[PDB]
Amino acid sequence: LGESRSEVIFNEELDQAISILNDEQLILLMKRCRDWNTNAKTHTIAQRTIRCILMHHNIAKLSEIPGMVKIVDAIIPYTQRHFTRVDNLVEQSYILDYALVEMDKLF
Amino acid sequence: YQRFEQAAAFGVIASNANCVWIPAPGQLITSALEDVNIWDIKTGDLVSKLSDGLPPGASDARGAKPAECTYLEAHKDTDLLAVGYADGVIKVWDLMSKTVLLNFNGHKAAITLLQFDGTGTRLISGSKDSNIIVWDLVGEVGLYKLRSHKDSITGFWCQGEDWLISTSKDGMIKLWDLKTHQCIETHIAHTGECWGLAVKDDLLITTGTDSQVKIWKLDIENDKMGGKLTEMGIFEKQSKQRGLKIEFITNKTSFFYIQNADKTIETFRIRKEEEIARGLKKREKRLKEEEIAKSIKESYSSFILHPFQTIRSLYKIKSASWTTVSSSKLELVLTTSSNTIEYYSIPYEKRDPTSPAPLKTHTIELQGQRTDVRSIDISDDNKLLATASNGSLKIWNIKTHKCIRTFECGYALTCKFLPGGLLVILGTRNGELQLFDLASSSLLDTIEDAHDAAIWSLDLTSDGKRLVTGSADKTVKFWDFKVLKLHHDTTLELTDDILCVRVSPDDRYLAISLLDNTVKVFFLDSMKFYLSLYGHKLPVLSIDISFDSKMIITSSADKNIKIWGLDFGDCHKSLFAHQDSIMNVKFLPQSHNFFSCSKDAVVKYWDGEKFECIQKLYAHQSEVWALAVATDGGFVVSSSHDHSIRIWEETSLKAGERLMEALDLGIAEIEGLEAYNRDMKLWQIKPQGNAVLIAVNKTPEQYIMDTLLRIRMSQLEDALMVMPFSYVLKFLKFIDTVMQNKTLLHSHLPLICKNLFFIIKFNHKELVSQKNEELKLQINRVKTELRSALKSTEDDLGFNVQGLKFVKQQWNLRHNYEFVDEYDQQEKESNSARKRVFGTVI
Amino acid sequence: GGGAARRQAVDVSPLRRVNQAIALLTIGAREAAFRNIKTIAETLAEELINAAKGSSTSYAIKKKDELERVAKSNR
Amino acid sequence: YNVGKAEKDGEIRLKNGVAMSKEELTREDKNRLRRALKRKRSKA
RNA sequence: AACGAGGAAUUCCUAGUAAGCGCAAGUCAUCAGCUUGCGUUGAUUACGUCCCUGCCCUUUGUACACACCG
């Protein structure tokens, strides 16, 4: 990720490797993703692997693989919490813009 | 009050360590225990021997086991002798100047392999821990360290400065590259451990545990798992034991040997390409007489290998090395378990070993004692009498430390010195009683069949007319000295067997120490059972009774001296010490000061009138078996299971402030480099990199980022409040430089956002009342970039939330066999939904 | 500082200014009428009048300029 | 869901979502982890 | 003939407190060389800090949201 900050999600080689990932491998990847998202900091890496899987698999097949309902019920509300925190961050980026507009109001 | 120190040492020819050979054969260097031995082969006399700086036995010397010379290595072109001690200390010596020049300290474990490019003074060492240390000699520190194996180091080869190949008992071979300073290759060598590593520039050999060697091909080929190292050769049965050490030489056909566990050295030879082509096509003839070609692929090992011969030595062997010449005679230096150097010969004409048994030449066994030493004695201020378990009796003169004469009896148990005629008398547990001379012929008399079990003790009156003997066939036999033969005075039985005996030095009483844990005491002229000593709780092992025959001291194997009085037979004082078990205790000839020796490599010197240990002695490391006190001057003699003899003669910035000054330096360098870039724009000097930046190896961005992450999450607000306005401006410029270096952003976006917003919201009024177009543009750029990054993360979050909600919805649609009865649906989903319990207070 | 000790100059709070000024004025009056034929009321009156004059003969005035110049000297 | 203590035996789950194994650890960090579990079980 | 408010060190104290002034008693232990009651008069300067001196406590969220860190 530190590399690929510079619909491509990674190096395209790594992307294709994830798209050729297997079923038991997928369950393991979702499980360790679940942990990484449970922490409130590594959720960026958690989200990158989730979105890469989502963009490169068949959703019906994913759902029909067993256990994914357990791991998805584990995943979802932590991501909603992250979402509302990001909302607060944007709303404070606007105090930064206000300082701009008042400074040029003064000038 | 007289202190004591050791003067010297005897008989340690070559300890459990390596052996090295200087060409003039040539002269030889081996290992004593905290001493290095160097002498000649032609003769057999100690040229020199080297120990540490400070003498042992003082309070200055540490009360500890001395770290034995586990390894030693010689460079004649530098004339240096690197020695290595078992707690892990590396020293270096010379032969002419014979001084210690520089002393390292890098190991916690016993030193195993010591190879140095003294050509470049790069010393590479490995001890019994796992880490291999590269030292630079002239810098007198370790250059660096490689720690990746897990058990210990036993195989080692360094080449150029480039390559390092290691084999370790955690049975794996690894290969480090030293320029990349880390590991490249790893393979599994043998079943359990792997020990022997030997290198020729393409062909490499390792021996493991199953009498089994593997031959390996070495390259510098590109591959990571392959390419470098492959696994060609498999050979079995040098001898059933495991393989321990390999060494490789030539003149020209090449030869190597492997020292096994037992008495056997298996030496092999590798032939050349002509015979390789001969053997290939001849085996191909046997083939025509590719299935059998992969059979050739099996037999490749013995196809190149060729066994030269075996060497079968005496009792055991411990170290071995080469002396080659002329392609006709190949001689070999060897040293054994017990103290023996053995120099061997193989004659040949490239074709045959020319003799089924090589010539076991040049044996050095004189000063060594060649077995486990069993007892000791003194002879009237001039001689010392060591008796060892081959019946090796050796007299020594104290002034010159050399030898006089030699006998043999086999496995003896007890010895004494008789001053009449300077006779020495011995007894063996194969129950026989022998006695021999010094100036007349060897054997004086052999009383065959003393008893029909083991005899155990033997002492003498001051008369010299009566000897006393104790034999574990429940018998104690007294002898008289007929004028020079012997007769049996008396034989007295008991119901338990004799463990030891003694008589009074002033010739009054007689003590017998017995397996029923007791000490009986009779008289010398009556045998009247005057005293009985009880209460040792183990079989009492040794006996002494002082110069006036007033004080008894008794030694039992439950680690306590017990001191007794001949007035009535009461224990004066007990004294627990000597953690393993006491072997032998002896008084001094003059007063109640004594010496105790025990099975834990200690000799303690005590006063009885004060009941204390005045001195504790830490000469050696093995069990102390024999102890002799001198008759008049009183020097101390000790013999120890490592076949060693010893002699002893008498004499703060706060959060906020740290952030501000670090930000100060970082902004200084960044603004300097931007002045540099605009000056290059005018050119169409680089400002010097600061010590802190170039030393911690950081961009200024990660440097300020480090100090922010270091400041903890409860002093942050006080810090950002206490910083003033100019440093606020420098902070904003720092943020804009991060927005240029985007990749440091996305790992610290929350920290950046929280700190930035708090700084501006607090310091708002001054900052908005200012006017600065660079500030306006800085705010504009950081606004745009923050919006891009935050909306990016928000895009990812909401995208994946929606996707997974759809996925879970699809599962519920496909597998949720619904109940149309809505009350049943309520009940089912509620009693099958997730429950979770908490403890409320009512 | 850990041995290399010195005097350093800071500003001062208004309350400390008031308390310091008052304590100095009264202590100057008392030390003026310590051992003299004048009494505290008289010499305090003269000292206060010269103090409001600010004219460099008042005890508190001398001490004040001495204080600020100490601060100046080891600024 | 809080992160549970580790299911399989050769791996260690902490409570902040960094999973480790006993195979990818250097032995000093193995020693550190044992000491941390030691002080945890020392209170508990 | 000593003596003009009592050095070096050292001890204590943040409001009806330091200090000053007296009147009463004399309670089964102590106190008359004194001890304890009661009233009068009533201040200056701190009310912050862990920087020094020392002292302690915690280094495992465990307690159930939100938040914070990890």
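Residues numbered from 1 in each chain as written, not as in the entry; some residues may be left out. Chains lettered and ligands numbered in written order. Part of a larger assembly, values for the part shown. Heavy atoms only, no water. Residues with missing side-chain atoms left out of burial classes, pairs and counts.

Method of determination, as annotated in the archive: cryo-EM, at 4.4 Å resolution.

Per the PDB entry, the recorded name for chain C is Rps5p, and the organism is Saccharomyces cerevisiae. Within the Protein Data Bank, this record goes by the title "Cryo-EM structure of the 90S pre-ribosome from Saccharomyces cerevisiae, state A (Poly-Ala)".

Under the UniProt heading Subunit, the entry covering chain B gives this text: "Interacts with snoRNA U3. Interacts with MPP10. Component of the ribosomal small subunit (SSU) processome composed of at least 40 protein subunits and snoRNA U3." Check the Subcellular location section of the UniProt entry for chain B; it says "Nucleus, Nucleolus". (UniProt positions renumbered as here; feature names shortened; annotations may be inferred.)

Colleague: Where do I start with the overall build of chain C in this structure?
Modeller: If you tally the helices and strands in chain C, you get 3 helices and 0 strands. Mapped in sequence order, the helices and strands of chain C form the string α-α-α. Whereas a compact globule of 75 residues would reach a radius of gyration of roughly 11 Å, chain C reaches 15 Å, over 25% beyond that. (Helix = DSSP H or I, 4+ residues; strand = E, 2+ residues; numbered from the N terminus. Rg over C-alpha atoms; globule rule 2.2 N^0.38 Å.)

Colleague: Even after reading the chapter, I still don't get the overall build of chain B, so can you show me in this structure?
Modeller: Secondary structure summary: chain B contains 11 helices and 55 strands in total. A compact globule built from 842 residues should have a C-alpha radius of gyration of about 28 Å, whereas chain B, at 40 Å, is more than 25% larger. Dimensions of chain B, computed from C-alpha atoms along their principal axes, come out at roughly 125 × 90 × 80 Å.

Colleague: Explanation requested: the sheet that holds strand β10 (residues 122–127) of chain B in the structure shown.
Modeller: Paired through their backbone hydrogen bonds, the strands of a sheet run either parallel or antiparallel. Residues and elements named next belong to chain B. The strand order across the open sheet formed by 4 strands is β9-β10-β11-β12, and the pairing between neighbours is antiparallel. Each edge of the sheet is formed by a strand with only one pairing partner; in this case those strands are β9 (111–117) and β12 (141–146). Within the sheet, the average angular offset between the axes of one strand and its neighbour, ignoring direction, is 20°. Here β9 pairs with β10 via 6 bridges, running antiparallel. Across the sheet, residue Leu-113 finds its bridge partner in β10, namely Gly-126. (Pairing = 2+ DSSP bridges. Axes fitted to C-alpha atoms, helices over the stretch in contact; angles between N-to-C directions.)

Colleague: So what exactly am I meant to see when it comes to the sheet that holds strand β51 (residues 603–607) of chain B here?
Modeller: Residue and element names in this part refer to chain B. An order of β49-β50-β51-β52 is seen for the 4 strands of this open sheet, with the pairing classed as antiparallel. Edge positions in the open sheet fall to β49 (582–587) and β52 (612–617), since each of these has one partner strand only. Direction aside, the axes of adjacent strands within the sheet are offset by 20° on average. Bridge count for β49 against strand β50 (residues 593–598) is 5 bridges, and the pairing is antiparallel. Directly across from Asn-584, in β50, lies its bridge partner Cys-597.

Colleague: What exactly am I supposed to notice about unusual backbone geometry here?
Modeller: With the exception of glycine, the majority of residues adopt a negative phi angle, and the majority of peptide bonds are in the trans configuration. All names here are of chain B. Even without a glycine there, the phi angle at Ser-326 is positive, about 65°. The topology assignment puts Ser-326 in the loop between β25 (319–325) and β26 (329–335). Located in the positive-phi region is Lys-474, a residue other than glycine, with phi close to 65°. Note on placement: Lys-474 falls in the loop between β38 (466–471) and β39 (475–482).

Colleague: It is not clear to me how the arrangement of the chains should be interpreted in this structure. Could you clarify?
Modeller: There is no contact between chain B and chain C; across them, the least C-alpha separation is 12 Å. Chain C makes no contact with chain D; the smallest distance between any of their C-alpha atoms is 38 Å. (Contact = heavy atoms within 4.5 Å.)

Colleague: Looking at this model, I keep getting lost on the environment of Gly-17 of chain D. Mind explaining?
Modeller: Here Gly-17 of chain D is to be found in the loop between β1 (11–13) and β2 (19–21). With 23 residues separating them along the chain, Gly-17 of chain D and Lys-40 of chain D place their C-alpha atoms 18 Å apart. With residues near it in sequence (within four places) discarded, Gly-17 of chain D still touches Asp-35 and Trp-36 of chain A.

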